[PDB]
Amino acid sequence: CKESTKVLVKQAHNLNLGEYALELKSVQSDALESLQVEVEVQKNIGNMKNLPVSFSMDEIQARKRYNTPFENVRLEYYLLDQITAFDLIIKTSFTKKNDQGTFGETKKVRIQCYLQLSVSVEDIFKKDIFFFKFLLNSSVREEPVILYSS
Amino acid sequence: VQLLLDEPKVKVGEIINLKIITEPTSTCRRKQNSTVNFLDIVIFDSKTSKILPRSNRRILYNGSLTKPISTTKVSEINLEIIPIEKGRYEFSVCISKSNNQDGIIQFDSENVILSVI
């Protein structure tokens, strides 16, 4: 037993590139919270997990508040629900297992996915002509949003 | 500053690019610090009493009007004055250097008027 309770450097390995791994993110979704994993591998990568590593399960599933681990799924959309929070956690594990080596990982990501571009409307209505006027606002305070089509 | 416009005599349901043209000066040599300088565009009724940012049923536009210029060269700018149910408007600018209050340093007097039938 090393008995190193303190007084050292602890951990000495790096998550470098040029290796088959997993990457979970979120983009391009219309007002209903989701996620999107990505698998940049080759030659029959195996199944993977997607746990719900929360304290009280605010990042809920639809009917039963499940984790629903995938199987040979690279990109999907975990259409969750929202039981009253603005922060989460997600322990994600993936048995890679390329060739004669049971390759695994466990990344405990912390994605929080409240909306940003909070948009309100107003119409005006004249005789046989019609106009909307759209209000555009950022749901967070003093973190800015650039915007380049509408 | 000059103000280059398409027409002064537009009907109601029509879209107009407005084009201000600004000329930074030799006597910008006092500062050089904020190369970016924030203007505004304010719309007056050609009686008194300018319309608010929420120009409801009067004039319509694309984006916030603040629309920065350089202290470098002849920058241009634009809006899209989608007119609605009006007559005899007025456009003029001011220069604000910053975003805060009491940042405003000059008020130009170039007042191009247009009519709406």
# chains A, B, ... in the order shown; residues from 1 in each chain; ligands from 1
>>> interface_residues(of="chain A", to="chain B", cutoff="8 Å", atoms="only C-alpha atoms", output="number ranges by chain")
A: 124, 129, 133
>>> residues_around(residues="region 40-47 of chain A", least_positions_apart="4", cutoff="6 Å", atoms="only C-alpha atoms", output="VMD selection string")
chain A and resid 20 71 to 72 95 to 96
>>> write_last_selection(atoms="N, CA, C and O atoms", output="compact mmCIF listing (two decimals), in the first residue's frame")
# COMPACT_ATOMS: atom_id res chain seq x y z
N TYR A 20 -9.97 6.11 -31.11
CA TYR A 20 -11.42 5.95 -31.20
C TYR A 20 -12.06 6.10 -29.83
O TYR A 20 -11.77 5.33 -28.91
N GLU A 71 -27.09 0.51 -27.94
CA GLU A 71 -26.42 -0.68 -28.45
C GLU A 71 -26.18 -0.50 -29.95
O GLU A 71 -27.14 -0.53 -30.73
N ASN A 72 -24.90 -0.33 -30.32
CA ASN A 72 -24.42 -0.01 -31.67
C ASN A 72 -25.10 1.23 -32.25
O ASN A 72 -25.48 1.28 -33.42
N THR A 95 -17.96 0.56 -24.12
CA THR A 95 -17.06 -0.57 -24.35
C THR A 95 -16.64 -0.56 -25.81
O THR A 95 -17.39 -0.99 -26.69
N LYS A 96 -15.44 -0.04 -26.08
CA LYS A 96 -14.99 0.13 -27.46
C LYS A 96 -14.58 -1.21 -28.07
O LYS A 96 -15.22 -1.67 -29.03
>>> select_by_dssp(residues="region 5-146 of chain A", states="strand (DSSP E or B)", output="ChimeraX atom specification")
/A:22-25,36-39,48,90-94,106-109,117-120,123-126,129-132,135-138
>>> write_last_selection(atoms="C-alpha atoms", output="mmCIF file, in the first residue's frame")
data_model
loop_
_atom_site.group_PDB
_atom_site.id
_atom_site.type_symbol
_atom_site.label_atom_id
_atom_site.label_comp_id
_atom_site.auth_asym_id
_atom_site.auth_seq_id
_atom_site.Cartn_x
_atom_site.Cartn_y
_atom_site.Cartn_z
ATOM 1 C CA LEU A 22 -17.045 8.857 -27.769
ATOM 2 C CA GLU A 23 -18.285 12.451 -27.816
ATOM 3 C CA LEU A 24 -21.722 13.619 -26.648
ATOM 4 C CA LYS A 25 -23.035 17.108 -27.446
ATOM 5 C CA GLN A 36 -26.334 13.829 -29.510
ATOM 6 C CA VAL A 37 -23.492 11.346 -29.180
ATOM 7 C CA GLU A 38 -20.803 10.804 -31.798
ATOM 8 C CA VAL A 39 -18.729 7.687 -32.534
ATOM 9 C CA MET A 48 -22.263 1.880 -24.874
ATOM 10 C CA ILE A 90 -24.219 12.474 -17.410
ATOM 11 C CA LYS A 91 -21.889 9.547 -16.769
ATOM 12 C CA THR A 92 -21.264 7.992 -20.194
ATOM 13 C CA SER A 93 -19.484 4.652 -20.673
ATOM 14 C CA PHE A 94 -18.547 2.907 -23.916
ATOM 15 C CA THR A 106 -16.224 6.511 -18.423
ATOM 16 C CA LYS A 107 -16.760 10.255 -18.976
ATOM 17 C CA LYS A 108 -18.946 12.117 -16.451
ATOM 18 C CA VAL A 109 -20.040 15.097 -18.537
ATOM 19 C CA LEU A 117 -32.426 33.079 -27.777
ATOM 20 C CA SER A 118 -35.767 33.843 -26.107
ATOM 21 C CA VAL A 119 -38.037 35.197 -28.849
ATOM 22 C CA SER A 120 -41.396 36.930 -28.481
ATOM 23 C CA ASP A 123 -48.461 41.137 -35.137
ATOM 24 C CA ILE A 124 -50.051 44.253 -36.541
ATOM 25 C CA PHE A 125 -52.878 43.946 -39.044
ATOM 26 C CA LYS A 126 -54.035 46.486 -41.618
ATOM 27 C CA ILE A 129 -51.897 43.564 -45.638
ATOM 28 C CA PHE A 130 -50.204 42.020 -42.643
ATOM 29 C CA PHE A 131 -46.936 42.345 -40.709
ATOM 30 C CA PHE A 132 -45.237 40.630 -37.806
ATOM 31 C CA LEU A 135 -38.773 40.545 -30.345
ATOM 32 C CA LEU A 136 -35.415 38.808 -29.859
ATOM 33 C CA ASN A 137 -33.724 38.395 -26.497
ATOM 34 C CA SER A 138 -31.148 36.373 -24.586
#
>>> atom_distance(atom1="CA of residue 76 (chain A)", atom2="CA of residue 49 (chain A)")
12.8 Å
>>> residues_around(residues="residue 22 (chain B)", least_positions_apart="2", cutoff="10 Å", atoms="only C-alpha atoms", output="PyMOL selection string")
chain B and resi 1-3+19-20+24-25+69-71+73-77
>>> write_last_selection(atoms="N, CA and C atoms", output="CSV table (one decimal), in the first residue's frame")
chain,number,residue,atom,x,y,z
B,1,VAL,N,-21.4,63.7,-41.9
B,1,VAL,CA,-22.4,62.7,-42.2
B,1,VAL,C,-23.3,63.2,-43.3
B,2,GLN,N,-23.5,62.5,-44.4
B,2,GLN,CA,-24.7,62.6,-45.3
B,2,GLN,C,-25.6,61.5,-45.1
B,3,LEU,N,-26.8,61.6,-45.7
B,3,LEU,CA,-27.8,60.5,-45.6
B,3,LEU,C,-28.3,60.3,-47.0
B,19,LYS,N,-29.4,54.6,-46.2
B,19,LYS,CA,-27.9,54.5,-46.2
B,19,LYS,C,-27.3,55.8,-45.7
B,20,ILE,N,-26.9,55.8,-44.5
B,20,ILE,CA,-26.1,56.8,-44.0
B,20,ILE,C,-24.6,56.6,-44.5
B,24,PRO,N,-15.2,60.0,-40.9
B,24,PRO,CA,-14.3,60.3,-39.7
B,24,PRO,C,-13.2,61.3,-40.1
B,25,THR,N,-12.8,62.1,-39.1
B,25,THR,CA,-12.1,63.3,-39.4
B,25,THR,C,-10.6,63.3,-39.1
B,69,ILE,N,-19.6,52.2,-36.3
B,69,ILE,CA,-18.7,52.7,-37.3
B,69,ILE,C,-17.3,52.7,-36.8
B,70,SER,N,-16.3,52.8,-37.7
B,70,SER,CA,-14.9,52.9,-37.4
B,70,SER,C,-14.5,54.4,-37.3
B,71,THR,N,-13.4,54.6,-36.5
B,71,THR,CA,-12.7,55.8,-36.7
B,71,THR,C,-11.5,55.6,-37.6
B,73,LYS,N,-12.2,55.1,-41.7
B,73,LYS,CA,-12.4,55.5,-43.0
B,73,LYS,C,-14.0,55.6,-43.2
B,74,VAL,N,-14.4,55.8,-44.5
B,74,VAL,CA,-15.8,56.1,-44.8
B,74,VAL,C,-16.6,54.8,-44.7
B,75,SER,N,-17.0,54.5,-43.5
B,75,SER,CA,-17.9,53.3,-43.2
B,75,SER,C,-19.3,53.6,-43.7
B,76,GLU,N,-20.0,52.6,-44.0
B,76,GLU,CA,-21.4,52.7,-44.4
B,76,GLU,C,-22.3,51.9,-43.4
B,77,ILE,N,-23.6,52.1,-43.4
B,77,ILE,CA,-24.5,51.5,-42.5
B,77,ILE,C,-25.8,51.4,-43.3
>>> atom_distance(atom1="CA of residue 19 (chain A)", atom2="CA of residue 111 (chain A)")
23.1 Å
>>> residues_around(residues="region 79-84 of chain A", least_positions_apart="4", cutoff="8 Å", atoms="only C-alpha atoms", output="list in words")
residues 32, 33, 34, 35, 57, 58, 59, 60, 61 and 62 of chain A
>>> atom_distance(atom1="CA of residue 23 (chain B)", atom2="CA of residue 79 (chain B)")
18.3 Å
>>> residues_around(residues="residue 114 (chain A)", least_positions_apart="3", cutoff="9 Å", atoms="only C-alpha atoms", output="mmCIF file with N, CA, C and O atoms, in the first residue's frame")
data_model
loop_
_atom_site.group_PDB
_atom_site.id
_atom_site.type_symbol
_atom_site.label_atom_id
_atom_site.label_comp_id
_atom_site.auth_asym_id
_atom_site.auth_seq_id
_atom_site.Cartn_x
_atom_site.Cartn_y
_atom_site.Cartn_z
ATOM 1 N N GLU A 33 -35.563 19.492 -25.267
ATOM 2 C CA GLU A 33 -34.206 19.159 -24.852
ATOM 3 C C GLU A 33 -33.804 17.748 -25.265
ATOM 4 O O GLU A 33 -34.601 16.811 -25.203
ATOM 5 N N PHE A 86 -31.787 23.581 -14.061
ATOM 6 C CA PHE A 86 -31.018 24.182 -15.148
ATOM 7 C C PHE A 86 -29.574 23.689 -15.167
ATOM 8 O O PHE A 86 -28.695 24.375 -15.700
ATOM 9 N N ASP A 87 -29.314 22.517 -14.584
ATOM 10 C CA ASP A 87 -28.000 21.892 -14.597
ATOM 11 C C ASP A 87 -28.189 20.394 -14.454
ATOM 12 O O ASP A 87 -29.204 19.932 -13.933
ATOM 13 N N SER A 139 -31.963 34.713 -23.008
ATOM 14 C CA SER A 139 -32.539 34.213 -21.763
ATOM 15 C C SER A 139 -31.578 34.267 -20.583
ATOM 16 O O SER A 139 -32.029 34.268 -19.433
#
>>> residues_around(residues="region 88-98 of chain B", least_positions_apart="2", cutoff="7 Å", atoms="only C-alpha atoms", output="PyMOL selection string")
chain B and resi 37-46+100+103-116
>>> write_last_selection(atoms="N, CA and C atoms", output="CSV table (one decimal), in the first residue's frame")
chain,number,residue,atom,x,y,z
B,37,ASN,N,-17.0,53.1,-32.7
B,37,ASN,CA,-17.8,54.1,-32.1
B,37,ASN,C,-19.3,53.9,-32.5
B,38,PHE,N,-20.1,53.9,-31.4
B,38,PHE,CA,-21.5,53.6,-31.5
B,38,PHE,C,-22.3,54.8,-31.9
B,39,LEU,N,-23.1,54.7,-32.9
B,39,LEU,CA,-24.1,55.7,-33.3
B,39,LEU,C,-25.5,55.3,-32.8
B,40,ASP,N,-26.4,56.1,-33.1
B,40,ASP,CA,-27.8,55.7,-33.0
B,40,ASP,C,-28.5,56.3,-34.3
B,41,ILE,N,-29.7,55.8,-34.5
B,41,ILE,CA,-30.6,56.5,-35.5
B,41,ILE,C,-31.9,56.7,-34.8
B,42,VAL,N,-32.3,58.0,-34.7
B,42,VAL,CA,-33.5,58.4,-34.1
B,42,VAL,C,-34.5,59.0,-35.1
B,43,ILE,N,-35.8,58.7,-34.9
B,43,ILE,CA,-36.8,59.0,-35.9
B,43,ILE,C,-37.7,60.0,-35.3
B,44,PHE,N,-37.9,61.2,-35.9
B,44,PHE,CA,-38.7,62.2,-35.4
B,44,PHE,C,-39.9,62.4,-36.3
B,45,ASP,N,-41.0,62.9,-35.8
B,45,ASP,CA,-42.3,62.8,-36.4
B,45,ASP,C,-42.5,64.0,-37.4
B,46,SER,N,-41.5,64.9,-37.5
B,46,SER,CA,-41.6,66.2,-38.1
B,46,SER,C,-42.7,67.1,-37.6
B,100,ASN,N,-22.7,53.3,-22.5
B,100,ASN,CA,-23.3,53.9,-21.2
B,100,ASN,C,-23.9,55.2,-21.5
B,103,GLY,N,-22.4,59.0,-22.6
B,103,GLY,CA,-21.3,58.7,-23.5
B,103,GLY,C,-21.4,59.5,-24.8
B,104,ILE,N,-22.6,60.2,-24.9
B,104,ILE,CA,-23.0,60.9,-26.1
B,104,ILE,C,-22.2,62.2,-26.2
B,105,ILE,N,-21.6,62.4,-27.4
B,105,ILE,CA,-20.6,63.5,-27.5
B,105,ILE,C,-21.0,64.5,-28.6
B,106,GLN,N,-21.8,64.1,-29.5
B,106,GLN,CA,-22.3,65.1,-30.5
B,106,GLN,C,-23.6,64.7,-31.0
B,107,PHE,N,-24.4,65.6,-31.6
B,107,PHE,CA,-25.7,65.4,-32.2
B,107,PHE,C,-25.6,66.0,-33.6
B,108,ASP,N,-25.6,65.2,-34.6
B,108,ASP,CA,-25.6,65.9,-35.9
B,108,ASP,C,-27.0,66.4,-36.3
B,109,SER,N,-27.1,67.1,-37.4
B,109,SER,CA,-28.2,68.0,-37.8
B,109,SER,C,-28.5,67.8,-39.2
B,110,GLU,N,-28.7,66.6,-39.7
B,110,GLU,CA,-28.7,66.3,-41.1
B,110,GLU,C,-30.1,65.9,-41.7
B,111,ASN,N,-31.0,65.6,-40.8
B,111,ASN,CA,-32.5,65.6,-40.9
B,111,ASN,C,-33.1,65.4,-42.2
B,112,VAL,N,-32.9,64.2,-42.9
B,112,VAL,CA,-33.5,63.9,-44.1
B,112,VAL,C,-34.9,63.5,-43.9
B,113,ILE,N,-35.9,64.2,-44.5
B,113,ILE,CA,-37.3,63.9,-44.3
B,113,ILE,C,-37.8,63.1,-45.5
B,114,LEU,N,-38.8,62.2,-45.3
B,114,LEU,CA,-39.5,61.5,-46.3
B,114,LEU,C,-41.0,61.5,-46.0
B,115,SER,N,-41.8,61.4,-47.0
B,115,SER,CA,-43.2,61.4,-46.9
B,115,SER,C,-43.8,60.0,-47.2
B,116,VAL,N,-44.9,59.7,-46.6
B,116,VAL,CA,-45.6,58.4,-46.8
B,116,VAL,C,-47.0,58.7,-47.2
>>> decode(residues="region 106-128 of chain A", atoms="N, CA, C and O atoms", output="short mmCIF file (atom, residue, chain, number, x, y, z; two decimals), in the first residue's frame")
data_model
loop_
_atom_site.label_atom_id
_atom_site.label_comp_id
_atom_site.auth_asym_id
_atom_site.auth_seq_id
_atom_site.Cartn_x
_atom_site.Cartn_y
_atom_site.Cartn_z
N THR A 106 -15.13 6.01 -19.27
CA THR A 106 -16.22 6.51 -18.42
C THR A 106 -16.05 8.02 -18.26
O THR A 106 -15.25 8.46 -17.43
N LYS A 107 -16.83 8.80 -19.01
CA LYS A 107 -16.76 10.26 -18.98
C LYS A 107 -18.02 10.81 -18.32
O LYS A 107 -19.13 10.55 -18.79
N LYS A 108 -17.84 11.58 -17.24
CA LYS A 108 -18.95 12.12 -16.45
C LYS A 108 -19.21 13.57 -16.82
O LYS A 108 -18.91 14.50 -16.07
N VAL A 109 -19.79 13.76 -18.01
CA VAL A 109 -20.04 15.10 -18.54
C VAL A 109 -21.17 15.80 -17.78
O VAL A 109 -21.98 15.17 -17.09
N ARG A 110 -21.21 17.12 -17.91
CA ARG A 110 -22.01 18.01 -17.08
C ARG A 110 -22.77 19.01 -17.94
O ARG A 110 -22.70 20.22 -17.72
N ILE A 111 -23.48 18.51 -18.95
CA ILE A 111 -24.19 19.38 -19.88
C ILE A 111 -25.44 19.99 -19.25
O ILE A 111 -26.28 19.29 -18.69
N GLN A 112 -25.54 21.32 -19.34
CA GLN A 112 -26.73 22.08 -18.98
C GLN A 112 -27.23 22.80 -20.22
O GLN A 112 -26.46 23.51 -20.88
N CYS A 113 -28.51 22.64 -20.54
CA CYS A 113 -29.02 22.96 -21.86
C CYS A 113 -30.32 23.75 -21.79
O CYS A 113 -31.32 23.42 -22.43
N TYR A 114 -30.35 24.81 -20.98
CA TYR A 114 -31.43 25.78 -21.11
C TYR A 114 -31.26 26.57 -22.40
O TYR A 114 -30.16 26.69 -22.95
N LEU A 115 -32.38 27.12 -22.89
CA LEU A 115 -32.38 27.84 -24.17
C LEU A 115 -31.72 29.20 -24.00
O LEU A 115 -31.56 29.69 -22.88
N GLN A 116 -31.33 29.80 -25.11
CA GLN A 116 -30.68 31.11 -25.02
C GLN A 116 -31.51 32.19 -25.70
O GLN A 116 -31.90 33.17 -25.06
N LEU A 117 -31.81 32.03 -26.98
CA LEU A 117 -32.43 33.08 -27.78
C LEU A 117 -33.93 33.10 -27.55
O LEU A 117 -34.69 32.53 -28.34
N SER A 118 -34.36 33.78 -26.49
CA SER A 118 -35.77 33.84 -26.11
C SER A 118 -36.47 34.87 -26.98
O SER A 118 -36.14 36.06 -26.91
N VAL A 119 -37.45 34.42 -27.76
CA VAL A 119 -38.04 35.20 -28.85
C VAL A 119 -39.52 35.38 -28.59
O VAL A 119 -40.25 34.40 -28.42
N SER A 120 -39.98 36.63 -28.58
CA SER A 120 -41.40 36.93 -28.48
C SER A 120 -41.88 37.59 -29.76
O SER A 120 -41.09 38.10 -30.56
N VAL A 121 -43.20 37.60 -29.94
CA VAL A 121 -43.80 38.03 -31.20
C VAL A 121 -44.69 39.23 -30.94
O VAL A 121 -45.03 39.52 -29.78
N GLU A 122 -45.05 39.93 -32.01
CA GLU A 122 -46.22 40.80 -32.09
C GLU A 122 -46.61 41.02 -33.54
O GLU A 122 -45.77 41.39 -34.37
N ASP A 123 -47.89 40.80 -33.85
CA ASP A 123 -48.46 41.14 -35.14
C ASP A 123 -49.05 42.53 -35.09
O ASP A 123 -49.38 43.05 -34.02
N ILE A 124 -49.15 43.15 -36.26
CA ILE A 124 -50.05 44.25 -36.54
C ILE A 124 -50.84 43.83 -37.77
O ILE A 124 -50.43 42.93 -38.50
N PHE A 125 -51.99 44.46 -38.00
CA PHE A 125 -52.88 43.95 -39.04
C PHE A 125 -53.67 45.08 -39.67
O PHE A 125 -54.60 45.60 -39.05
N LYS A 126 -53.32 45.45 -40.89
CA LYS A 126 -54.03 46.49 -41.62
C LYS A 126 -54.99 45.85 -42.63
O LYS A 126 -55.18 44.63 -42.65
N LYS A 127 -55.60 46.67 -43.47
CA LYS A 127 -56.62 46.22 -44.41
C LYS A 127 -55.96 45.55 -45.60
O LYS A 127 -55.35 46.23 -46.43
N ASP A 128 -56.09 44.21 -45.67
CA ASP A 128 -55.54 43.33 -46.73
C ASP A 128 -54.03 43.46 -46.87
O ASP A 128 -53.49 43.38 -47.97
#
